[PDB]
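Number 26 in the deposited numbering belongs to position 26 of the sequence shown; there are no gaps in the numbering. Following: one structure in structure tokens, then a few remarks.
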Amino acid sequence: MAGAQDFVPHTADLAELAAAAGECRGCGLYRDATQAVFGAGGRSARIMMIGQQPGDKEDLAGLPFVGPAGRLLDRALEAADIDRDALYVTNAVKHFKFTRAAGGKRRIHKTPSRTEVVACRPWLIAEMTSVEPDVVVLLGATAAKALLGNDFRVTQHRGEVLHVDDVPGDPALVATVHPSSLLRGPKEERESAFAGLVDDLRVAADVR
Ligand code: SF4
């Protein structure tokens with residue numbers, strides 16, 4: 001009766017799950033978005049990565065992390081010697097929540113409410129039980145709070161391997177900055193922040 005749960009089929013197959021998510025009406029976000037954007041990768045992945053939501057490029061590509069934030073993430077993964085093809089990557093919510101400004105060059109993402117995050121979380125649980133990752137990288141506040149609690153502060157736990165007792169399979173969790181946050185700002189601050197993202201990715205990759 002709650003959120004996305006009745007839309008989630010009783011299967012761990014990622015292709016089946018993604019097809020079903022295309023029909024989800026578990027919150028209001030399906031209405032204005034072009035399509036649901038499920039995760040990408042396969043069930044043998046040892047590392048799962050979760051962002052906030054599909055953005056403007058992802059909403060139309062049908063794949064996660066294809067825009068500028070995704071290209072920065074690719075650069076950080078390469079510096080961390082992680083092959084993106086070996087990951088399962090997804091987002092805490094699966095429809096793009098957005099507005100447009102007059103004169104704007106893109107659709108502008110808006111923050112999912114906690115209500116929307118909780119509504120969509122059945123998909124994330126299905127992905128986690130399907131993939132059985134050894135470690136989950138939480139990119140940004142929305143994703144981290146989805147699993148660690150609404151009060152959790154990414155800025156206060158950088159570099160730490162976390163484990164919480166009601167996440168399925170008890171994977172390690174590593175919460176880090178979202179790559180979109182490193183696209184703008186002073187040069188020295190962007191460079192320090194990028195190095196910190198590489199460090200956190202390496203923490204995740206060194207898990208068992
Ligand atoms: S954001 Fe998630 S819960 Fe909401 S309609 Fe889309 S897939 Fe369903």
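Using N, Cα and C, we set each Cβ at its ideal position, and we do this for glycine too.
Query	Result
Nearest candidate by alpha-carbon position, reference residue 158, set 167, 164, 178, 165	178
Range covered by the alpha helix (DSSP H) that runs through residue 118	114-131
Element boundaries [beta strand (DSSP E), containing residue 4]	Taken as a continuous stretch (DSSP letters only), residue 4 belongs to no beta strand (DSSP E), as it is neither H nor E.
Extent of the continuous beta strand (DSSP E) to which residue 139 belongs	135-139
Three-state secondary structure assigned by DSSP to residue 214	Outside the shown range of the chain (1 to 208) lies residue 214, about which nothing can therefore be said.
Near ligand 1: residue 116 beta-carbon under 8 Å from a heavy atom	yes
Within 9 Å, strictly: CB atoms of residue 117 and residue 174	no
Inter-residue Cα distance where the pair is residue 129 and residue 168	7 Å
Per-residue burial, residue 71 [other beta carbons within 10 Å of its own, 16 or more giving buried]	exposed
Residue 70: first and last residue of the uninterrupted alpha helix (DSSP H) it sits in	68-79
Span of the beta strand (DSSP E) around residue 92	Segment: none, residue 92 is in no beta strand (DSSP E) and carries neither H nor E.
Straight-line gap, residue 10 to residue 84 (C-alpha atoms, nearest Å)	28 Å
N- and C-terminal bounds of the alpha helix (DSSP H) containing residue 201	187-205
Buried versus exposed, by CB contacts within 10 Å (16 or more), residue 192	exposed
Three-state secondary structure (DSSP) of residue 164	coil
Under 9 Å between C-beta atoms of residue 142 and residue 111	yes
Inter-residue CB distance, residue 67 and residue 51 (contact presumed, cutoff 8 Å)	No, residue 67 and residue 51 are not in contact; Cβ-Cβ is about 11 Å, not under 8 Å.
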